[PDB]
Each structure stands twice: as C-alpha cells, then as structure tokens.
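This report concerns only the one structure given below.
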Amino acid sequence: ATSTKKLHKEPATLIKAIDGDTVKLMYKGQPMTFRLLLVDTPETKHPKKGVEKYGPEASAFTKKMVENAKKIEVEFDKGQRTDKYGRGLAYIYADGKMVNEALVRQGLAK
C-alpha cells in the first residue's frame, strides 16, 4: 500500500578504493563493496581506456575522494543492504557531494 522513505546520514568512508579494480566501503564494520570486476568484454576491454575512457584516470580522481576526501556518508535508511547487486550499490556523498556525478558521470575518466 504505502512504503516508508527515510534517509539517515551516517559517516561512511572507504578504507582503500582501487577503482580500477575493486572498492570497499566502511559501514558499521561491514565490508560494503561498490561495483566489482564485471564480465570480461573481448570487444571492449581496451588497454588505453582500461575500463571506460582512460581507466587509472577516473580511479585517481576517486582515489582522493576516498583517501584524502574522507567526507563521504550514507544517505539512505531504506534498511535493505542487498537486493540490487548484492551489496554493490551504496550511496556515496563525499564532501556533501556525490562522486559518481563528479567525473564518473562523464563516462568514467573522460
């Protein structure tokens, strides 16, 4: 009939995000990963871009968004931790702003 939509801001920053490979968040001690090594694409996996456009590039930008820019938090109190990808989707708001919308929205690296 009616669902409840509440968002609780809780400090959550990655301990070591590789980006180019895999990333892990720190939430209540739970290892919540954000996007893992997808399937191998024979007609996509390029050395130049590596992942989307440049590879390590978008990684370096995010590498700081987690290492130095440790101002990320979890903006979602839905309660569900797994259902979409299995704990691969987590709201990231570093410095009161999203990282996926920063440079990742430009096609990763760009």
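Labeling convention for the structure tokens: chains A, B, ... as they appear, residues from 1 per chain, ligands from 1 in order of appearance.
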What's the 12 Å shell around segment 80-83 of chain A, counting only C-alpha atoms, without same-chain residues fewer than 5 positions away, as an mmCIF file with C-alpha atoms, in the first residue's frame?
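Written file, part.cif:
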data_model
loop_
_atom_site.group_PDB
_atom_site.id
_atom_site.type_symbol
_atom_site.label_atom_id
_atom_site.label_comp_id
_atom_site.auth_asym_id
_atom_site.auth_seq_id
_atom_site.Cartn_x
_atom_site.Cartn_y
_atom_site.Cartn_z
ATOM 1 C CA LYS A 5 11.200 6.557 2.680
ATOM 2 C CA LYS A 6 13.725 7.746 5.266
ATOM 3 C CA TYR A 27 29.901 0.932 7.180
ATOM 4 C CA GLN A 30 30.571 -4.178 7.268
ATOM 5 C CA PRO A 31 32.661 -4.549 4.060
ATOM 6 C CA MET A 32 30.288 -2.963 1.546
ATOM 7 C CA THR A 33 31.826 -3.045 -1.930
ATOM 8 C CA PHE A 34 30.875 -0.682 -4.750
ATOM 9 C CA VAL A 74 25.468 7.042 3.696
ATOM 10 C CA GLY A 88 27.385 -3.429 -4.610
ATOM 11 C CA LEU A 89 25.238 -0.290 -4.633
ATOM 12 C CA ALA A 90 25.807 2.259 -1.868
ATOM 13 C CA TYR A 91 25.044 5.983 -1.732
#
Where in chain A does DSSP assign strand (DSSP E), given as a list in words? residues 9, 10, 11, 24, 25, 26, 27, 30, 31, 32, 33, 73, 74, 75, 93, 94, 97 and 98 of chain A
Serialized selection, N, CA and C atoms, as a tab-separated table (two decimals), in the first residue's frame:
chain	number	residue	atom	x	y	z
A	9	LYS	N	21.80	10.15	7.63
A	9	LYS	CA	23.18	10.49	7.29
A	9	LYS	C	24.15	9.90	8.31
A	10	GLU	N	24.93	8.92	7.87
A	10	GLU	CA	25.91	8.27	8.73
A	10	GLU	C	27.29	8.26	8.07
A	11	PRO	N	28.34	8.69	8.80
A	11	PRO	CA	29.70	8.73	8.26
A	11	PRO	C	30.15	7.38	7.71
A	24	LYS	N	35.98	-0.94	-1.56
A	24	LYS	CA	35.28	-1.39	-0.37
A	24	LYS	C	35.00	-0.23	0.58
A	25	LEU	N	33.76	-0.14	1.05
A	25	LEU	CA	33.36	0.92	1.97
A	25	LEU	C	33.37	0.43	3.41
A	26	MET	N	33.42	1.37	4.35
A	26	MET	CA	33.43	1.03	5.77
A	26	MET	C	32.15	1.51	6.45
A	27	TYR	N	31.18	0.61	6.56
A	27	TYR	CA	29.90	0.93	7.18
A	27	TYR	C	29.61	0.00	8.35
A	30	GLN	N	30.97	-3.29	8.35
A	30	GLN	CA	30.57	-4.18	7.27
A	30	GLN	C	31.29	-3.81	5.97
A	31	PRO	N	31.94	-4.79	5.31
A	31	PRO	CA	32.66	-4.55	4.06
A	31	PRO	C	31.73	-4.42	2.86
A	32	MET	N	31.19	-3.22	2.66
A	32	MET	CA	30.29	-2.96	1.55
A	32	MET	C	31.07	-2.51	0.32
A	33	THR	N	31.10	-3.36	-0.70
A	33	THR	CA	31.83	-3.05	-1.93
A	33	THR	C	30.95	-2.25	-2.89
A	73	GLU	N	29.36	9.92	3.25
A	73	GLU	CA	28.37	9.44	4.21
A	73	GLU	C	27.28	8.64	3.50
A	74	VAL	N	26.54	7.85	4.26
A	74	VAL	CA	25.47	7.04	3.70
A	74	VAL	C	24.12	7.75	3.83
A	75	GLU	N	23.58	8.20	2.70
A	75	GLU	CA	22.30	8.89	2.70
A	75	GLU	C	21.18	7.96	2.24
A	93	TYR	N	28.33	10.14	-0.72
A	93	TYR	CA	28.28	11.59	-0.73
A	93	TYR	C	29.54	12.18	-0.09
A	94	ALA	N	30.62	12.22	-0.86
A	94	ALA	CA	31.89	12.76	-0.37
A	94	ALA	C	31.89	14.28	-0.41
A	97	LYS	N	28.80	16.00	-1.38
A	97	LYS	CA	28.55	15.87	-2.81
A	97	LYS	C	28.81	14.45	-3.29
A	98	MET	N	28.15	14.06	-4.37
A	98	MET	CA	28.30	12.72	-4.93
A	98	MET	C	29.56	12.64	-5.79
All residues 9 Å or closer to residue 16 of chain A, only C-alpha atoms, same chain fewer than 2 positions away omitted, as a short mmCIF file (atom, residue, chain, number, x, y, z; two decimals) with N, CA, C and O atoms, in the first residue's frame:
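File written: out.cif
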data_model
loop_
_atom_site.label_atom_id
_atom_site.label_comp_id
_atom_site.auth_asym_id
_atom_site.auth_seq_id
_atom_site.Cartn_x
_atom_site.Cartn_y
_atom_site.Cartn_z
N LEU A 14 35.51 5.00 2.46
CA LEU A 14 36.27 3.84 2.02
C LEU A 14 37.65 3.82 2.67
O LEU A 14 38.27 4.87 2.86
N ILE A 18 40.42 1.08 -4.93
CA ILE A 18 41.30 0.94 -6.08
C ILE A 18 40.65 1.53 -7.33
O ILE A 18 41.33 2.06 -8.21
N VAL A 23 36.47 -1.72 -5.05
CA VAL A 23 36.42 -0.77 -3.94
C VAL A 23 35.60 -1.31 -2.78
O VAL A 23 34.64 -2.06 -2.98
N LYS A 24 35.98 -0.94 -1.56
CA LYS A 24 35.28 -1.39 -0.37
C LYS A 24 35.00 -0.23 0.58
O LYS A 24 35.88 0.58 0.87
N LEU A 25 33.76 -0.14 1.05
CA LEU A 25 33.36 0.92 1.97
C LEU A 25 33.37 0.43 3.41
O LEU A 25 33.33 -0.77 3.67
N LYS A 63 40.40 8.06 -6.14
CA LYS A 63 41.41 7.62 -5.18
C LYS A 63 41.60 8.67 -4.09
O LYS A 63 41.96 8.35 -2.96
N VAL A 66 38.35 9.28 -1.61
CA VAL A 66 38.21 8.34 -0.50
C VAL A 66 39.38 8.44 0.47
O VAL A 66 39.20 8.37 1.68
N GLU A 67 40.59 8.58 -0.07
CA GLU A 67 41.79 8.67 0.75
C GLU A 67 41.85 9.99 1.51
O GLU A 67 41.75 10.02 2.74
#
If you count only C-alpha atoms, which residues fall within 10 Å of segment 51-58 of chain A, apart from same-chain ones fewer than 4 positions away, as a VMD selection string? chain A and resid 18 to 21 37 44 to 47 62 to 63 103 to 104 106 to 110
Dump of N, CA, C and O atoms for the selected residues, as a compact mmCIF listing (two decimals), in the first residue's frame:
# COMPACT_ATOMS: atom_id res chain seq x y z
N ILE A 18 40.42 1.08 -4.93
CA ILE A 18 41.30 0.94 -6.08
C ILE A 18 40.65 1.53 -7.33
O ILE A 18 41.33 2.06 -8.21
N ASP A 19 39.32 1.45 -7.39
CA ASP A 19 38.56 1.97 -8.53
C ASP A 19 38.83 1.16 -9.79
O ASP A 19 37.94 0.49 -10.31
N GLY A 20 40.07 1.22 -10.27
CA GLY A 20 40.43 0.48 -11.47
C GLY A 20 40.13 -1.01 -11.35
O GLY A 20 39.97 -1.69 -12.36
N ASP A 21 40.05 -1.50 -10.12
CA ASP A 21 39.77 -2.91 -9.88
C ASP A 21 38.51 -3.09 -9.04
O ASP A 21 37.44 -3.41 -9.56
N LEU A 37 34.68 -6.24 -10.48
CA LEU A 37 35.13 -6.59 -11.82
C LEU A 37 34.05 -7.34 -12.59
O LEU A 37 33.84 -8.54 -12.38
N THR A 44 35.73 -4.78 -25.95
CA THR A 44 35.56 -3.57 -25.15
C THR A 44 36.79 -3.31 -24.29
O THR A 44 37.28 -2.18 -24.20
N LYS A 45 37.29 -4.36 -23.64
CA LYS A 45 38.46 -4.25 -22.78
C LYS A 45 39.66 -3.72 -23.56
O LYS A 45 40.37 -4.48 -24.22
N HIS A 46 39.88 -2.41 -23.47
CA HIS A 46 41.00 -1.78 -24.16
C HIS A 46 42.08 -1.34 -23.17
O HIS A 46 41.78 -0.97 -22.04
N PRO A 47 43.35 -1.40 -23.59
CA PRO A 47 44.48 -1.01 -22.73
C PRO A 47 44.56 0.50 -22.52
O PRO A 47 44.98 0.97 -21.46
N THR A 62 38.96 9.42 -7.95
CA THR A 62 38.21 8.80 -6.87
C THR A 62 39.15 8.34 -5.76
O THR A 62 38.76 8.25 -4.60
N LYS A 63 40.40 8.06 -6.14
CA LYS A 63 41.41 7.62 -5.18
C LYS A 63 41.60 8.67 -4.09
O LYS A 63 41.96 8.35 -2.96
N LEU A 103 33.06 13.20 -11.83
CA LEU A 103 33.74 12.89 -13.09
C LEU A 103 33.29 11.54 -13.66
O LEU A 103 33.53 11.25 -14.83
N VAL A 104 32.66 10.72 -12.83
CA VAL A 104 32.19 9.41 -13.27
C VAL A 104 31.02 9.54 -14.24
O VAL A 104 30.82 8.69 -15.10
N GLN A 106 30.83 11.58 -16.52
CA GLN A 106 31.37 11.95 -17.82
C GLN A 106 31.85 10.72 -18.59
O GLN A 106 32.51 10.85 -19.63
N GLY A 107 31.53 9.53 -18.09
CA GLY A 107 31.93 8.31 -18.76
C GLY A 107 33.19 7.71 -18.16
O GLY A 107 34.00 7.13 -18.87
N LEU A 108 33.33 7.85 -16.84
CA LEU A 108 34.49 7.32 -16.12
C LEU A 108 35.80 7.75 -16.78
O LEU A 108 36.16 7.26 -17.85
N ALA A 109 36.51 8.66 -16.11
CA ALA A 109 37.79 9.18 -16.59
C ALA A 109 37.59 10.39 -17.49
O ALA A 109 37.92 11.52 -17.12
N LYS A 110 37.06 10.16 -18.69
CA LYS A 110 36.82 11.23 -19.65
C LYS A 110 38.05 12.11 -19.82
O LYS A 110 38.19 13.09 -19.06
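Of the listed residues A:29, A:36, A:61, A:42, the one whose atoms come nearest to residue 87 of chain A is A:36, with distances taken using only C-alpha atoms.
The space between atom CA of residue 4 of chain A and atom CA of residue 71 of chain A spans 27.0 Å.
Atom CA of residue 69 of chain A is found 18.4 Å from atom CA of residue 105 of chain A.
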Best match for closeness to residue 72 of chain A among A:15, A:39, A:92, A:102, counting only C-alpha atoms: A:92
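Each of A:3, A:59, A:76, A:48 was checked against residue 17 of chain A using only C-alpha atoms; the smallest atom-to-atom distance is that of A:59.
Comparing A:40, A:13, A:95, A:49 by their smallest distance to residue 28 of chain A, the closest is A:13 (using only C-alpha atoms).
Of the residues in chain A, those given helix (DSSP H, G or I) by DSSP on the backbone are residues 56, 57, 58, 59, 60, 61, 62, 63, 64, 65, 66, 104, 105 and 106 of chain A.
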How about saving the chosen residues, N, CA and C atoms kept, as a PDB file, in the first residue's frame?
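And here is the file that came out, part_5.pdb:
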ATOM      1  N   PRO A  56      42.856   4.258 -15.071  1.00  0.00           N
ATOM      2  CA  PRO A  56      43.513   4.805 -13.879  1.00  0.00           C
ATOM      3  C   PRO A  56      43.133   6.258 -13.608  1.00  0.00           C
ATOM      4  N   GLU A  57      42.798   6.992 -14.665  1.00  0.00           N
ATOM      5  CA  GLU A  57      42.415   8.394 -14.529  1.00  0.00           C
ATOM      6  C   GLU A  57      41.259   8.543 -13.545  1.00  0.00           C
ATOM      7  N   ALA A  58      40.079   8.085 -13.950  1.00  0.00           N
ATOM      8  CA  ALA A  58      38.901   8.162 -13.094  1.00  0.00           C
ATOM      9  C   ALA A  58      39.187   7.552 -11.724  1.00  0.00           C
ATOM     10  N   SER A  59      40.117   6.601 -11.692  1.00  0.00           N
ATOM     11  CA  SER A  59      40.494   5.940 -10.450  1.00  0.00           C
ATOM     12  C   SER A  59      41.254   6.898  -9.540  1.00  0.00           C
ATOM     13  N   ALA A  60      42.198   7.634 -10.118  1.00  0.00           N
ATOM     14  CA  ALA A  60      42.994   8.591  -9.360  1.00  0.00           C
ATOM     15  C   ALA A  60      42.111   9.665  -8.736  1.00  0.00           C
ATOM     16  N   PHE A  61      41.147  10.154  -9.510  1.00  0.00           N
ATOM     17  CA  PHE A  61      40.228  11.178  -9.032  1.00  0.00           C
ATOM     18  C   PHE A  61      39.441  10.658  -7.837  1.00  0.00           C
ATOM     19  N   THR A  62      38.963   9.424  -7.948  1.00  0.00           N
ATOM     20  CA  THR A  62      38.209   8.796  -6.874  1.00  0.00           C
ATOM     21  C   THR A  62      39.151   8.341  -5.765  1.00  0.00           C
ATOM     22  N   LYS A  63      40.399   8.062  -6.137  1.00  0.00           N
ATOM     23  CA  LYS A  63      41.405   7.624  -5.177  1.00  0.00           C
ATOM     24  C   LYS A  63      41.597   8.675  -4.088  1.00  0.00           C
ATOM     25  N   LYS A  64      41.339   9.932  -4.439  1.00  0.00           N
ATOM     26  CA  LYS A  64      41.467  11.030  -3.497  1.00  0.00           C
ATOM     27  C   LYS A  64      40.134  11.269  -2.803  1.00  0.00           C
ATOM     28  N   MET A  65      39.049  11.010  -3.529  1.00  0.00           N
ATOM     29  CA  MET A  65      37.706  11.183  -2.993  1.00  0.00           C
ATOM     30  C   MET A  65      37.463  10.262  -1.797  1.00  0.00           C
ATOM     31  N   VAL A  66      38.345   9.283  -1.606  1.00  0.00           N
ATOM     32  CA  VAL A  66      38.209   8.340  -0.501  1.00  0.00           C
ATOM     33  C   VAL A  66      39.382   8.435   0.470  1.00  0.00           C
ATOM     34  N   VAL A 104      32.656  10.722 -12.831  1.00  0.00           N
ATOM     35  CA  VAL A 104      32.190   9.412 -13.271  1.00  0.00           C
ATOM     36  C   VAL A 104      31.019   9.542 -14.238  1.00  0.00           C
ATOM     37  N   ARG A 105      30.251  10.619 -14.091  1.00  0.00           N
ATOM     38  CA  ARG A 105      29.103  10.862 -14.956  1.00  0.00           C
ATOM     39  C   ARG A 105      29.550  11.225 -16.372  1.00  0.00           C
ATOM     40  N   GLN A 106      30.826  11.581 -16.518  1.00  0.00           N
ATOM     41  CA  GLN A 106      31.371  11.948 -17.820  1.00  0.00           C
ATOM     42  C   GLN A 106      31.853  10.720 -18.595  1.00  0.00           C
TER      43      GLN A 106
END
Please report the interatomic distance between atom CA of residue 84 of chain A and atom CA of residue 50 of chain A in Å with one decimal. 25.2 Å
